[PDB]
Ligand SMILES: *[C@@H]1O[C@H](CO)[C@@H](O)[C@H](O)[C@H]1NC(C)=O
Ligand SMILES: *[C@@H]1O[C@H](CO)[C@@H](O)[C@H](O)[C@H]1NC(C)=O
Ligand SMILES: *[C@@H]1O[C@H](CO)[C@@H](O)[C@H](O)[C@H]1NC(C)=O
Ligand SMILES: *[C@@H]1O[C@H](CO)[C@@H](O)[C@H](O)[C@H]1NC(C)=O
Ligand SMILES: *[C@@H]1O[C@H](CO)[C@@H](O)[C@H](O)[C@H]1NC(C)=O
């Protein structure tokens, strides 16, 4: 009596586990006395954009492209007064497998005993 | 008596587990006395955009393209007074498999014992 | 007596599990005394957009394209007074399999014992 | 006596499980005394848009295209007073399989024992 | 009697585990007396952008490209007064497998004992 056992286990299980927490804290203000005099608050902001014949990736493929061509990003630039930003901008990008990928998983266990018993 | 067992297990199970939390905290204000005098609050903001013949990816494929061509993003730029932003902008992008991917999973276990017993 | 068992299990089960929570907190204000005098609040905002012959992806395919051509996004830019934004903008994009993907899963277990017993 | 068992299980079951919660909190205001004088509140906002021969994807296919051509988005830009935004804008996009996908699942287990017993 | 056992285990399970925490602390202010006089607050900010024939990756593929072509990023630049930024900008990018990758996992254990016993 013979036993042939081949518990082949081809396992692909990538995974990210995250405990993510933001706490704004405790902000206490007691017996605050104030006298604020701000006449003539006249901020000026001028943004000008001109473009001619812009291009990006004018060639062969780019697998993953998060970069840009000539662009403009403006965030939180000119806060004048009592501006509170708590956990304001959280950008989380979790990628297990990127772009332009070829996955060829071949799990084909072979067991063909050529047994002759006489 | 013989036993042939091949519990082939081809398992692809990627997964992300996340505990995500935002707490704005405790904001206490007791006996706040205030005198605010702000005549003539005249902010000015001018945004101008001109484009001519813009292009992006004028070539072969891009697998994943989150980047842009000449664009403009404006967020939270000019808050004047008592502006509170708590967990304001949360951008979460979780991708298991990206774009432009070819997955060929071949689980074809083979067991053909050529047994002769006489 | 012989037993042939091949419990082939071809399993593709990717999945993301998320506990997501926003709590605006506790905002307490007791015995607040105020005197606010703001004559002549005259904000000015001018947005101008002109485009000529814009284009995007004038070529071969793009698998996934979340990026843009020349565009303009304006969010929360000029809040004047007592403006509260709690968990205001949450953008969640969870993709298991992206665009432009070819999945060929072939689970064809084979068991043909050529048994001769005499 | 022999037993041939092939419990082939070809299972494709991707799935996302989410506990999603927003709580605006507790906002308490006791004994608030106020004197607000705001004559002549005259905000001005001018938005101009002109386009000529715009185009997008004037080529081969795009699998999934969430990006735009020259567009304009305006959200929450100019809130003047006592403006509260709680869990205001939630954009959730959960995609299991994207666009432009070809799925060929072939589960065809084969068991043809060529048994000769004499 | 003989036993042949080959518990082949081909396991690919990369994963990142993270405990992430932000606490804004405790901010206490008691018996604050203030006299603020700021007439004529007139900040000026001028941003000009001009581009002609920009290009990026006008050649063969780039596997992963997070870098940009001539762009402009403006963040938190000119905060005038009482501007608090707590855990303001958190950019987390966790990638298990990058772009432009070819994964060929071949788990095909072989066990064919040529046994002759007579
Ligand atoms: C952290 O995550 C683990 C499991 O990954 C869990 O046991 C624990 O409760 C989590 N703690 C926090 C504070 O999120
Ligand atoms: C964290 O998630 C784990 C399971 O992943 C769960 O046991 C626990 O209760 C969660 N805790 C929080 C604070 O979300
Ligand atoms: C977290 O999710 C787990 C299961 O994933 C569940 O046991 C637990 O109650 C959840 N907790 C919260 C706070 O959402
Ligand atoms: C979280 O979801 C789990 C199952 O996924 C459930 O047991 C639990 O009650 C949920 N909790 C909340 C707070 O949504
Ligand atoms: C840290 O994570 C571990 C598991 O990775 C968990 O036991 C523990 O509770 C976490 N602690 C904190 C403070 O997040």
Of D:64, D:13, D:50, the most mobile residue in a GNM of chain D (C-alpha springs, cutoff 10 Å) is D:50
Rg (one decimal) and Dmax (whole number) from the Cα set of the protein assembly as shown, in Å, equal 31.8, 111
Chain B, Gaussian network, Cα under 10 Å: of B:98, B:15, B:59, the residue fluctuating most is B:59
Chain A, Gaussian network, Cα under 10 Å: of A:44, A:96, A:105, the residue fluctuating most is A:44
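What shape does segment B:26-65 have by the C-alpha gyration tensor, where a ≥ b ≥ c are the square roots of the eigenvalues, rounded means a/c under 1.5, and otherwise prolate means a/b greater than b/c and oblate the rest?
Numbers: a/c = 38.65, a/b = 2.19, b/c = 17.61.
Taking the square roots of the gyration eigenvalues as a ≥ b ≥ c, segment B:26-65 is oblate.
With the Cα gyration tensor of segment B:1-59 giving a ≥ b ≥ c as the square roots of its eigenvalues, does the rule (a/c under 1.5 for rounded; else a/b larger than b/c for prolate; else oblate) give rounded, prolate or oblate? Walk me through the numbers on the way to the answer.
Values: a/c = 30.94, a/b = 1.73, b/c = 17.85.
It comes out oblate by the Cα gyration axes.
Of the peptides D:73-81, C:4-12, A:109-117, B:71-79, how do they stack up when ordered by the mean number of other Cβ atoms within 10 Å, highest first?
On the way: D:73-81: 16.9, C:4-12: 21.7, A:109-117: 19.3, B:71-79: 25.1.
Highest-to-lowest ranking by the protection proxy: B:71-79, C:4-12, A:109-117, D:73-81.
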By the C-alpha gyration tensor axes a ≥ b ≥ c (rounded if a/c is under 1.5, else prolate when a/b exceeds b/c, else oblate), the shape of chain B is oblate
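Read-outs throughout are calculated quantities, based only on the coordinates presented, and are distinct from any laboratory measurement. As a convention, Cβ positions derive from the backbone with ideal geometry for all residues, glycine included, and neighbour counts pool all protein chains shown.
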